[PDB]
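> One structure coming up, written as structure tokens, with questions to follow.
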Amino acid sequence: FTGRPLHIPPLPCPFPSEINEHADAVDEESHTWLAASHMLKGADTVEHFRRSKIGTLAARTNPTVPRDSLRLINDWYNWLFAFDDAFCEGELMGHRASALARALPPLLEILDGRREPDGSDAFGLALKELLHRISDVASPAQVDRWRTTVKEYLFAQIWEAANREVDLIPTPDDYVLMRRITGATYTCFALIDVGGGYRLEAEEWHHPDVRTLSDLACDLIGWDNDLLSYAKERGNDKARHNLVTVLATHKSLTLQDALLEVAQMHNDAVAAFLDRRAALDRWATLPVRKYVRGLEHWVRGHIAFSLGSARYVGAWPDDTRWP
Amino acid sequence: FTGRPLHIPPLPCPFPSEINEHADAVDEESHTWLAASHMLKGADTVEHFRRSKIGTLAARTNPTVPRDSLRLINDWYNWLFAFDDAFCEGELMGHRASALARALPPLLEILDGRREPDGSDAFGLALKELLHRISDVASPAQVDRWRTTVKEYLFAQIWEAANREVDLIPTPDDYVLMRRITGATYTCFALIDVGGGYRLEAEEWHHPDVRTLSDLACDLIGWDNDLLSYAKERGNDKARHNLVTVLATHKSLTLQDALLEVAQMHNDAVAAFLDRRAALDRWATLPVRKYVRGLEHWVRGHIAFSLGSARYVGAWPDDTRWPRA
Ligand SMILES: [Mg+2]
Ligand SMILES: [Mg+2]
Ligand SMILES: [Mg+2]
Ligand SMILES: [Mg+2]
Ligand SMILES: [Mg+2]
Ligand SMILES: [Mg+2]
Ligand code: NA
Ligand code: NA
């Protein structure tokens with residue numbers, strides 16, 4: 008970083024900020040699980056994850072769930088953060104669409120419950136375990152809903168590798184569409200009812216009002232991460248997959264104006280969420296209300312986590328003005 | 008190909024072979040719709056499609072559905088066949104994973120219903136129309152089920168492009184997995200209840216017995232297509248995405264022995280279907296029985312169509328021995 012100090016715009020959110028009472032114990036347990044997995048090969052990356060307190064994100068985004076549910080979700084978050092850093096955005100696989108695409112089938116077969124992972128397949132061994140643990144506390148329909156979100160997330164990583172390979176910044180329209188699936192947020196939304204020990208009916212899950220609120224929550228989390236992860240992403244492939252970079256490139260903005268435009272889109276998405284929620288509230292069933300409250304806790308908890316996590320704050324210059 | 012006449016092995020199954028009474032009328036209507044769409048730019052491809060009688064595949068795979076259901080499904084089949092030939096396998100774009108991957112977002116945005124297609128985007132305009140027509144006769148959960156199968160099918164085309172790019176024949180284990188989604192069969196199974204005017208409940212649809220029968224049927228349709236489409240596929244990228252090529256390459260088989268091994272895998276999958284169907288019979292509700300009869304009609308109808316279609320038969324050498332009934 009060179010140039011005058013950047014102002015990080017606020018990310019206003021009226022949703023309740025809560026945290027699971029089991030945060031400390033489960034964060035430590037889940038980190039131990041990750042450290043034992045060999046999903047991360049470097050002691051530096053493992054320690055970076057320990058300092059990042061991934062279980063604090065789990066606890067803030069799922070504040071109501073029992074301890075066993077929090078531990079399962081926290082393990083899933085650790086899998087995602089590790090996969091993101093070690094595989095998806097790694098130099099080996101992340102710059103070749105063909106290579107990443109051809110590497111997925113064995114992992115997809117593990118996800119389907121069709122294939123035993125090899126002893127050397129750290130991500131496969133962990134994914135098999137998580138599939139079995141989710142299956143113990145979820146209906147076939149809930150498991151397939153989760154599995155579907157994971158497959159789309161995996162396929163979306165090929166699109167990222169494609170952009171890296173051709174050295175292009177994706178266009179705003181392409182980026183905002185694919186950003187809903189490149190971040191695996193839907194895989195976490197898929198575990199809200201499972202974690203809470205309830206089951207949304209197909210008609211509730213797929214209701215246009217519920218899908219709209221899910222999509223807006225997913226936009227907010229994607230764009231909020233883009234704003235706060237911008238500095239650390241600058242060190243890796245020019246922060247290519249980041250709404251700040253995408254808007255700065257395709258609307259020819261200064262970095263400071265791109266940051267403000269991302270905050271404007273956040274404020275617009277919050278307003279859209281509140282408008283649709285008012286309509287949903289007229290019919291919403293008990294499970295639907297719990298799920299939507301789940302989305303609100305996720306959006307707000309994510310912001311609280313990201314403003315304080317060693318994963319993001321360290322890369323911002325000392326003179327950065329935080330909101 | 009081989010310097011010795013090939014025999015194509017039979018693909019038997021104990022499923023009823025039926026045809027929708029509206030076959031002739033709907034095939035012609037759906038072909039007219041395809042012609043008007045401009046998804047195909049070459050007169051030669053359009054005429055090849057007319058001769059292929061794609062509506063007879065729709066009619067054989069969906070023999071029970073009312074005329075409006077058959078027309079919607081036939082239009083969808085025409086979309087898939089056109090997309091397969093003109094976009095997925097027809098262009099140099101299909102030889103670079105990064106190019107195909109970057110082409111998909113506009114189409115995904117149309118599928119999600121959040122983008123008006125460009126006036127010149129033939130595939131986009133037709134997909135938007137089909138999404139709306141399916142939405143008129145399907146619950147939101149049924150529409151999302153179909154949408155999910157289409158997205159996986161589209162993503163599966165990048166995997167094919169990846170194999171073309173590095174010029175490798177995929178391994179049997181990778182190929183048999185990805186073949187379930189490269190051929191869009193699940194997108195057609197997704198319209199069985201919709202077409203029939205009924206709705207499988209979530210825990211019926213997602214029941215392990217129903218998923219297993221759907222997966223075995225999907226395997227059968229993929230492998231049966233691979234057997235009969237082998238000859239025409241030699242004319243485009245050395246039949247790379249074909250179980251015959253995959254087994255011949257990776258199991259060091261003659262072409263003749265590879266054809267026989269595909270037929271053996273067909274028979275094994277039919278036997279597995281009958282084994283699992285016996286378990287499903289013990290609990291199956293009427294909607295589940297109609298859906299499973301749907302899978303049976305699809306497998307049998309697809310074979311009946313493929314043995315006779317101008318799409319496949321013409322590429323086989325004159326001395327090829329075709330199977331008995
Ligand atoms: Mg990433
Ligand atoms: Mg990342
Ligand atoms: Mg980020
Ligand atoms: Mg194809
Ligand atoms: Mg083809
Ligand atoms: Mg074929
Ligand atoms: Na939005
Ligand atoms: Na584009």
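In the order they appear, the protein sequences are chains A and B. Each residue of the first sequence is one higher than the one before, starting from 8 at the first, in the entry's author numbering. Each residue of the second sequence is one higher than the one before, starting from 8 at the first, in the entry's author numbering. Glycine included, C-beta positions come from ideal geometry on N, C-alpha and C.
Inspect the CB distances between the segment 145-158 of chain B and the segment 77-86 of chain A and report whether three or more fall short of 8 angstroms.
Contact fails: fewer than three Cβ-Cβ distances are below 8 angstroms.
> Identify whether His14/B lies in helix, strand or coil by the three-state DSSP scheme.
Position 7 of the second sequence, counting from 1, holds the residue named residue 14/B. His14/B falls in the strand class under three-state DSSP.
> Please classify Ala43/A as buried or exposed, where buried requires at least 16 neighbouring CB atoms within 10 angstroms.
In the first sequence, counting from the first residue as 1, residue 43/A sits at position 36. When all chains shown are included, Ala43/A counts as exposed.
> Below 7 angstroms on C-beta distance, what does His213/B contact in chain A?
As a first step, residue 213/B must be located in the second sequence, where it is residue number 206. Ordered by position in chain A, the residues that pass the 7 angstroms Cβ test against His213/B are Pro147, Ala148 and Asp151.
> Assign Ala286/B to one of two classes, buried (16 or more other C-beta atoms within 10 Å of its C-beta) or exposed (fewer than that).
Numbered from its first residue, the second sequence carries residue 286/B at position 279. With fewer than 16 other Cβ atoms within 10 Å, it is exposed.
> Note down the Cα distance separating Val201/B from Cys195/B, rounded to an integer number of angstroms.
Locating residue 201/B in the second sequence gives position 194, where the first residue counts as 1. Locating residue 195/B in the second sequence gives position 188, where the first residue counts as 1. C-alpha separation (whole angstroms): 10 angstroms.
> Can you list, in chain order, the residues of its chain with a C-beta nearer than 7 angstroms to that of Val157/B? Leave out the 5 residues immediately preceding and following it.
The count along the second sequence starts at 1 and reaches residue 157/B at position 150. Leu118 and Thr194.
> Mind pulling the chain B residues with CB within less than 7 angstroms of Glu159/A?
Position 152 of the first sequence, counting from 1, holds the residue named residue 159/A. In chain order: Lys158.
> Any beta-carbon of chain A closer than 8 angstroms to the one on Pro23/B?
By 1-based counting over the second sequence, the position of residue 23/B is 16. Not one chain A Cβ lies under 8 angstroms of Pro23/B.
> Going by beta carbon distance, what residues of the same chain come within less than 8 angstroms of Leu266/A, once the five residues before and after it are set aside?
What you label residue 266/A is simply residue 259 of the first sequence in a count that begins at 1. Counting only Cβ-Cβ distances below 8 angstroms, and skipping sequence neighbours, we find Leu13, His14, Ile15, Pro16, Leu234, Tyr237 and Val251.
> So if DSSP puts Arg328/B in a beta bridge, which residue, or which two residues, is it bridged to?
Along the second sequence, read from residue 1 onward, the residue named residue 328/B stands at position 321. DSSP lists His14/B as partners of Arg328/B.
> Going along chain A, which residues have a C-beta under 7 angstroms from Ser105/B?
Numbered from 1 along the second sequence, position 98 holds the residue referred to as residue 105/B. Ordered by position in chain A, the residues that pass the 7 angstroms Cβ test against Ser105/B are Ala104, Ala169, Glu172 and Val173.
> When you check each C-beta in the segment 109-137 of chain B against every C-beta of chain A, which residues fall closer than 9 angstroms?
Going along the segment 109-137 of chain B in chain order, one finds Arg109, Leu111, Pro112, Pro113, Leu115, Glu116, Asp119, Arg121 and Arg122 with a Cβ nearer than 9 angstroms to chain A.
> Indicate whether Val269/B and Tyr182/B have their beta-carbon atoms separated by less than 8 angstroms.
If you number the second sequence from 1, residue 269/B lands on position 262. If you number the second sequence from 1, residue 182/B lands on position 175. Cβ atoms of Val269/B and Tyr182/B: not closer than 8 angstroms.
> Rounded to a whole number of angstroms, what is the C-alpha to C-alpha distance between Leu134/B and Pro19/B?
In the second sequence, residue 134/B corresponds to position 127, counting from 1. In the second sequence, residue 19/B corresponds to position 12, counting from 1. Near 35 angstroms, if we compare the C-alpha coordinates of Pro19/B and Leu134/B.
> May I have the straight-line CA-CA distance separating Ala30/B from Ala278/B, to the nearest angstrom?
Position 23 of the second sequence, counted from the start, is the residue given in the question as residue 30/B. Position 271 of the second sequence, counted from the start, is the residue given in the question as residue 278/B. Straight-line Cα distance between these residues: approximately 30 angstroms.
> Quick check: the Cα distance between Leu184/B and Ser24/A, rounded to an integer number of angstroms?
Indexing the second sequence from 1 puts residue 184/B at position 177. Indexing the first sequence from 1 puts residue 24/A at position 17. Taking the straight line from one Cα to the other gives about 43 angstroms.
> At a threshold of 7 angstroms, does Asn232/B count as lining ligand 6 (C-beta to nearest heavy atom)?
In the second sequence, residue 232/B corresponds to position 225, counting from 1. Yes, Cβ of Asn232/B sits closer than 7 angstroms to a heavy atom of ligand 6.
> At a Cβ cut of 8 angstroms, what residues of the segment 184-212 of chain B count as close to chain A, listed as they run along the chain?
Per Cβ criterion, the list reads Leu184, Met185, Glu208, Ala209, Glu210 and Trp212.
> Is there a C-beta anywhere in chain A that falls below 8 angstroms from the one on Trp230/B?
The count along the second sequence starts at 1 and reaches residue 230/B at position 223. It does not; no Cβ of chain A falls within 8 angstroms.
> For chain A, check one thing: does any of its Cβ atoms lie closer than 8 angstroms to the Cβ of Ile165/B?
For the purposes of this step, residue 165/B is identified with residue 158 of the second sequence, where counting begins at 1. For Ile165/B, the answer is yes, since a Cβ of chain A falls inside 8 angstroms of its Cβ.
> If we cut at 8 angstroms on Cβ distances, does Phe88/B have a partner in chain A?
In the second sequence, the residue the question calls residue 88/B occupies position 81. No - not a single Cβ of chain A is within 8 angstroms of the one on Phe88/B.
> In the DSSP assignment, find the alpha helix (DSSP H) that holds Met272/B and state where it starts and stops.
The count along the second sequence starts at 1 and reaches residue 272/B at position 265. Unbroken alpha helix (DSSP H) run through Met272/B: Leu262 to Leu287.
> Need the endpoints of the alpha helix (DSSP H) that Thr189/B sits in, please.
The count along the second sequence starts at 1 and reaches residue 189/B at position 182. Segment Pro179 to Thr189, the alpha helix (DSSP H) holding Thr189/B.
> So with CB distances below 7 angstroms, who are the chain A contacts of residue 341/B?
Chain B is shown from 8 up to 332; residue 341/B falls before or after that span and cannot be answered.
> Reducing DSSP to helix, strand and coil, say where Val72/A ends up.
In the first sequence, residue 72/A corresponds to position 65, counting from 1. Note: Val72/A maps to coil in three-state DSSP.
> Starting from the beta carbon of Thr155/B, find every residue of chain A whose beta carbon is closer than 7 angstroms, and list them in chain order.
Here residue 155/B refers to the residue found at position 148 when the second sequence is read from its first residue. The contacting residues are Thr155.
> Could you tell me the distance, in whole angstroms, from the CA atom of residue 3/A to the CA atom of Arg283/A?
This structure leaves residue 3/A out entirely; chain A is present only between 8 and 330.
> Select from the segment 65-89 of chain A all residues with a C-beta closer than 8 angstroms to any C-beta belonging to chain B, and list them in chain order.
Against chain B - using a Cβ distance shorter than 8 angstroms - the segment 65-89 of chain A contributes no residues.
> Using beta carbons (cut-off 8 angstroms, strictly below), is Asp181/A in contact with chain B?
As a first step, residue 181/A is located in the first sequence; it is residue number 174 there, counting from the start. Interface residue, yes.
> I'd like to confirm something about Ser236/B: is its beta-carbon nearer than 7 angstroms to some heavy atom of ligand 6, or not?
Walking along the second sequence from the start, residue 236/B turns up at place 229. Yes, Cβ of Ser236/B sits closer than 7 angstroms to a heavy atom of ligand 6.
> Would you identify the three-state DSSP class for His309/A, choosing helix, strand or coil?
Indexing the first sequence from 1 puts residue 309/A at position 302. Helix.
> Short check: CB of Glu96/B to CB of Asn243/B, under 8 angstroms?
Taking the first residue of the second sequence as position 1, residue 96/B is located at position 89. Taking the first residue of the second sequence as position 1, residue 243/B is located at position 236. Yes, the pair counts as a contact, with Cβ atoms nearer than the cut-off.
> Return yes when at least one heavy atom of ligand 2 lies under 7 angstroms from the C-beta of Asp91/A, else no.
As a working mapping, residue 91/A is identified with position 84 in the first sequence. Yes, the Cβ of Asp91/A comes within 7 angstroms of a heavy atom of ligand 2.
> For the alpha helix (DSSP H) that contains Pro112/B, what are its first and last residues?
The residue given as residue 112/B occupies position 105 in the second sequence. That run of the alpha helix (DSSP H) goes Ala104 to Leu118.
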